[PDB]
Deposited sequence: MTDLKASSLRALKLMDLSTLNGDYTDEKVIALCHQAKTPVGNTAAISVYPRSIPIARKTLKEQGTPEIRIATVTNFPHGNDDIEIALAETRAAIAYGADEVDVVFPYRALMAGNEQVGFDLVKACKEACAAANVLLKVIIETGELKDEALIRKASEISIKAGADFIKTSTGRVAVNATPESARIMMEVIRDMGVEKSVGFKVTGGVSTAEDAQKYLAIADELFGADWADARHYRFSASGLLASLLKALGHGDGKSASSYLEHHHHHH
């Protein structure tokens, strides 16, 4: 549990005014190590970057969100937001997939939206995570389909949830998404991010165990696995004696 907690902490995209962003940056530099990233809205990226540099943790990544949390199907808007995130200085952009469009039978727009965002990101050496909103898709077949489309369009990560709807990650939706990664043969190039549904250290251990069982215990490094959830960092630190 201590070993799993330390591992999970170093895979966290930590999310919470400039004062609150600065405090977030401070909290990411924990007594047992740095989180993988902090996650902020685009406008907060410059002050976050300044703070991370000033505290001597320039390798903590800055992730942000676009097309968020709605997952609308206007590609030009999602692309504009993604380009702005890049311009602000993001290391990673988590875009919301147009899941409502998929539920209405339109697979193509999801492909096109992800691909457009990925092209912009790749040009700037920025990682793209795609949020498929498993809690709105609900159905296993639709979760697989959104995952497949996202990967085909060049997602660097597939992410469960925005954290802004009633139902976020579950172990089953995590398993389904990681099975897609495995089944498609893309475990080298595509990571998985769990958002929500991971309150405690014990929860984090269970989610890591799924990855370990599917891929082997070395797979879930920071390029391949991330966590974000309210309260999780505090629970991990408690498990570790802080």
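Where C-alpha coordinates are absent, the deposited sequence of this PDB chain has the segments 1-3, 20-24, 251-267.
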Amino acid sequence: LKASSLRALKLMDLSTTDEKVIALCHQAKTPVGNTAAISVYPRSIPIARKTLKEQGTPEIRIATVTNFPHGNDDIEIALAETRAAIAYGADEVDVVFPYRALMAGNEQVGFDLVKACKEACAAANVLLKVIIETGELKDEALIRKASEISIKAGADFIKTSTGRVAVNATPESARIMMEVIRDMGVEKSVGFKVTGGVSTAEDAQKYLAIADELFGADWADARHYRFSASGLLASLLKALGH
From here on, numbers count along this sequence of modelled residues.
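Stretch comparison (207-215 versus 59-67) by mean CA B-factor in the PDB entry places 207-215 on top. Two stretches are in play, 50-58 and 187-195, and the higher mean C-alpha B-factor belongs to 50-58. When all modelled residues of the chain are sorted by CA temperature factor, residue 83 is found within the lowest third. Remark: residue 10 belongs to the middle third of its chain, ranked by C-alpha B-factor as recorded. Among the modelled residues of its chain, residue 201 has a C-alpha B-factor that falls in the highest third, as given in the PDB entry.
Per the deposited record, the Cα B-factor of residue 150 falls in the lowest third when ranked against the other modelled residues of its chain. Among the modelled residues of its chain, residue 138 has a C-alpha B-factor that falls in the highest third, as given in the PDB entry.
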